[PDB]
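Listed below are the residues making up each chain.
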Amino acid sequence: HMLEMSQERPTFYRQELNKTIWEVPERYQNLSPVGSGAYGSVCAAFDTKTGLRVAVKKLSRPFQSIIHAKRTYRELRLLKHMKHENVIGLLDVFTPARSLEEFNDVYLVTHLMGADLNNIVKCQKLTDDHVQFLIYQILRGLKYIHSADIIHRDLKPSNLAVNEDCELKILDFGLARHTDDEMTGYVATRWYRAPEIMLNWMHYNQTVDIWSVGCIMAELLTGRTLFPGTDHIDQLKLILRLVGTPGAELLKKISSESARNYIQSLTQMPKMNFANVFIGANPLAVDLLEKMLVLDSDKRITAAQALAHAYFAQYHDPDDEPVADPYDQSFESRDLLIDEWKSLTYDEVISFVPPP
Ligand SMILES: Cc1ccc(C(=O)NC2CC2)cc1-c1ccc2nc(NCCN3CCOCC3)ncc2c1
């Protein structure tokens, strides 16, 4: 039968990077800072053990408060669960600490991608075929992420990573941790989200993500941001001018009272002609967009339905658009202390088995 009686502890080494100390296993070499954020820093490196170029994220003060602690656990679980080509997955996760008492840091190793969707667009114009392959993968990814009952909630170009051969992976899904002041004003952060989730209407389903995919594809085709609004309200108006104002049907389904109340007061207007906005676009694309850009979430196309759309005919392969196992998110409805979230996280680290 054979069992592993004793696991060997790799030998780490320190070095200062990004004004912060990075202690990692000697397998990872040539660490170079590629970014930062309020969640932790990121370094590109070379994994001599696998010959792969990898991305390493060092969370910053992962257990400094219940809110942080729980999120640190949440991220580890999300990464551990995803195992699909178009979704960022966990290649390794380590901590220099030798025991739960010492435990303070968490490093998450993932694949490395040449760039995010922003960078690419600025570099050149993409062919109708490029858009097809690019959007096709986002949908393959979402199909998989959604099947494990997980919603992204914040899909946008900065979350989509691609590389030289046009291959894409989805990042930062299921995290939904943003303070309202970064989503205020003329900011690209709030230009790709569904109106329902932006102005907190009814509840939202997986289709919030399909609306985002709509805004991205529109952009890749036209070369311009579809709804570049200056604030939540201006943003909503730009959207309504194109898709039209709510209708009795969807209006009743809007759970929020103040919201429902404000929508009513808006002067009404019909759905514009999509062929006149996304011009010079493959006609099949225009059709897919009219099925992605619908105000009512109950009537928005799903990722699996969309893979079946004639536009992705050259890439659609049902015998190769995998689904995930269900994600067990019961922990999400718990209220534990920092040390309890930490302990759970610690367990998830020493129990991680490297992919084949
Ligand atoms: C490590 C990690 C851990 C976790 C998660 C994550 O999503 N967790 C959520 C799902 C649960 C993501 C990463 C991660 C982070 C940044 C990345 N950046 C690049 N692009 C670098 C090239 N650039 C482009 C911009 O300009 C400079 C150069 N490639 C791959 C990356 C992988």
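Residues numbered from 1 in each chain as written, not as in the entry; some residues may be left out. Heavy atoms only, no water.

(A) A look at the packing of aromatic side chains. Following the criterion strictly, the structure yields 17 aromatic pairs and no others. Centre to centre, the rings of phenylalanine 133 and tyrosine 315 are 5.1 Å apart; their planes meet at 40 degrees, and the pair counts as tilted. In this pair, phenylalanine 133 is assigned in helix α3 (residues 128-147) and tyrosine 315 in the loop between α10 (303-307) and α11 (338-350), connecting sequence segments 182 residues apart. Classification of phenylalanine 133 by relative accessible area gives partly exposed; the value is 21%. Ring geometry for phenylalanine 331 versus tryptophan 341: centroids 6.3 Å apart, planes at 85 degrees, classification edge-to-face. Residue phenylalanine 331 is located in the loop between α10 and α11, and its partner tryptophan 341 is located in helix α11; the two are separated by 10 residues in the primary sequence. For the pair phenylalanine 331 and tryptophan 341, one class covers both residues: buried. Through successive ring pairs, a cluster of aromatic residues spans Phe12, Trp22, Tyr28, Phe94 and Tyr107. (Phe/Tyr/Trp six-rings, centres within 6.5 Å; stacked < 30°, edge-to-face > 60°. Helix = DSSP H or I, 4+ residues; strand = E, 2+ residues; numbered from the N terminus. Buried < 20%, exposed > 50% of the residue type's maximum accessible area, 1.4 Å probe, protein only.)

(B) Quick look at the nonpolar core. Residues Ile135, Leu139, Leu142, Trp211 and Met217 are the most contacted members of the largest nonpolar core, which totals 92 residues. Of the domains in this structure, domain 1 (1-114 + 324-353) and domain 2 (115-323) are the two that each give at least three residues to this core. When neighbours within four sequence positions are excluded, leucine 139 is seen to be in contact with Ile210, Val213, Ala303, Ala306, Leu307 and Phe312. Residues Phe12, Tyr28, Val54 and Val109 belong to the second largest nonpolar core, which totals 14 residues. (Core = buried A, V, L, I, M, F, W, Y, C linked by side-chain atoms within 4.5 Å. Domains from an automatic or database assignment. Contact = heavy atoms within 4.5 Å.)

(C) The UniProt feature "binding site: ATP" in the chain, seen in detail. Summarizing the sequence annotation, UniProt attributes the feature "binding site: ATP" to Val34, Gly35, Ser36, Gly37, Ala38, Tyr39, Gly40, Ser41, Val42 and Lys57 in the numbering used throughout. Over a stretch of 24 residues, the named residues converge on one spot in the fold, their C-alpha atoms separated by at most 14.4 Å. Mapped onto the fold, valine 34 is located in strand β5 (residues 28-35). When residues no more than four places from it in sequence are discounted, the contact partners of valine 34 are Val42, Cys43 and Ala44. Within the secondary structure, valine 42 is located in strand β6 (residues 40-47). (UniProt positions renumbered as here; feature names shortened; annotations may be inferred.)

(D) Region of interest: unusual backbone geometry. Backbone geometry places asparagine 30, a non-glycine residue, at a positive phi of 50 degrees. For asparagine 30, the location among the structural elements is in strand β5. Looking at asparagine 30, the relative accessible area reads 53%, which means it is exposed. Positioned with a positive phi, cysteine 166 is a non-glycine residue whose angle comes to about 70 degrees. Tracing the sequence through the fold places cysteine 166 in the loop between β11 (160-162) and β12 (168-170).

(E) Looking closely at the side chain of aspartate 116. Looking at the secondary structure, you find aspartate 116 in strand β10 (residues 115-116). At a separation of 2.9 Å, a polar atom in the side chain of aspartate 116 contacts the main-chain amide nitrogen of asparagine 118. Within polar-contact distance, the side chain of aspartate 116 engages the backbone nitrogen of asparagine 119 at 3.2 Å. Setting aside residues no more than four positions away along its own chain, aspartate 116 makes contact with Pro157, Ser158, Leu160 and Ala161. (Polar contact = N/O pair within 3.5 Å; in protein donor to acceptor, adjacent residues only side chain to side chain.)

(F) Local environment of the site of the ligand. As a matter of local geometry, the ligand sits amid 17 residues, with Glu75, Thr110, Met113, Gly114 and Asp172 nearest to it. Here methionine 113 contributes a backbone N or O atom positioned 3.2 Å from a nitrogen atom of the ligand. The backbone of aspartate 172 places a nitrogen or oxygen atom 2.8 Å from an oxygen atom of the ligand. When isolated, the ligand has an accessible area of 700 Å², and the protein chains bury 81% of it. Of all the secondary structure elements, the ones that give two or more residues to the shell around the ligand are β7 (52-59), α1 (66-81) and β9 (107-111). A total of three residues in the shell around the ligand trace back to one element, the largest contributor, which is β9. Split into classes, the residues belonging to the shell around the ligand amount to 10 nonpolar, four polar and three charged. Counting the residues that make up the shell around the ligand, at least three belong to each of domain 1 (1-114 + 324-353) and domain 2 (115-323). (Near = heavy atom within 4 Å. Areas by Shrake-Rupley, 256 points an atom, 1.4 Å probe, with all protein chains shown as cover. Nonpolar A, V, L, I, M, F, W, Y, C, P; charged D, E, K, R; others polar.)

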